[PDB]
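# just dropping in an experimental structure and the matching sequence.
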Amino acid sequence: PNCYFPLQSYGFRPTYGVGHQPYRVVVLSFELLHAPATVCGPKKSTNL
Amino acid sequence: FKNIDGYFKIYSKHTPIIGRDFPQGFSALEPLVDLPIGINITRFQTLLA
Ligand SMILES: *[C@@H]1O[C@H](CO)[C@@H](O)[C@H](O)[C@H]1NC(C)=O
């Protein structure tokens, strides 16, 4: 009491509701500013 | 070497040495690599063996 551990768990089991399932989240952060381009999209090539 | 708008450029050309170390005949210089450095190059140094 009055002394709480900072972190608790995400106890995950195969049987919950959708709101409690272990969702896998991956976020992509881009830097679209004026700087030398380093990562680019899959530019498409064709015949001649 | 040069650092225009970053994009460090290196040009090299190896000529089998003749009698003169730094002689005079013309020798073209070809690029080797160009990759985006983007840092304030002001000082320069060399390494030995
Ligand atoms: C150093 O290089 C970076 C690369 O963009 C640039 O933002 C900065 O302005 C340069 N330094 C100076 C004093 O211009």
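Arrived safely. Residues are numbered from 1 along each chain as shown, chains lettered A, B, ... in the order given.

# where's the closest residue to chain B within chain A, which helix or strand?
In chain A, no residue comes nearer to chain B than residue A:36, which is 3.4 Å away by CB to the nearest CB. Placement of C-beta: from N, CA and C, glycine included. Under DSSP states H and E, no helix or strand contains residue A:36.

# show me the contacts for it.
Contact analysis of residue A:36 by CB atoms under 8 Å, 6 or more residues apart in numbering or on different chains lists B:6-7, B:36, B:38.

# what is the burial count for whatever residue of chain B ends up closest to the ligand?
Proximity of chain B to the ligand (CB to the nearest ligand atom) peaks at residue B:40, 3.8 Å away. Here the number of neighbours of residue B:40 (other CB atoms under 10 Å in any protein chain shown) works out to 8.

# so how far is chain A from it?
With distances taken as CB to the nearest CB, to the nearest Å, residue B:40 is found 15 Å from chain A.

# please identify which helix or strand holds that residue.
Counting by DSSP H and E, residue B:40 is part of no helix or strand.

# tell me where chain B has strands.
Here chain B has its strands, by DSSP state E, at B:8-12, B:30-35.

# list the neighbouring strands of the last one plus their orientation.
Spelled out, it's strand B:30-35. In the sheet, strand B:30-35 lines up against strand B:8-12 (antiparallel) (DSSP bridges).
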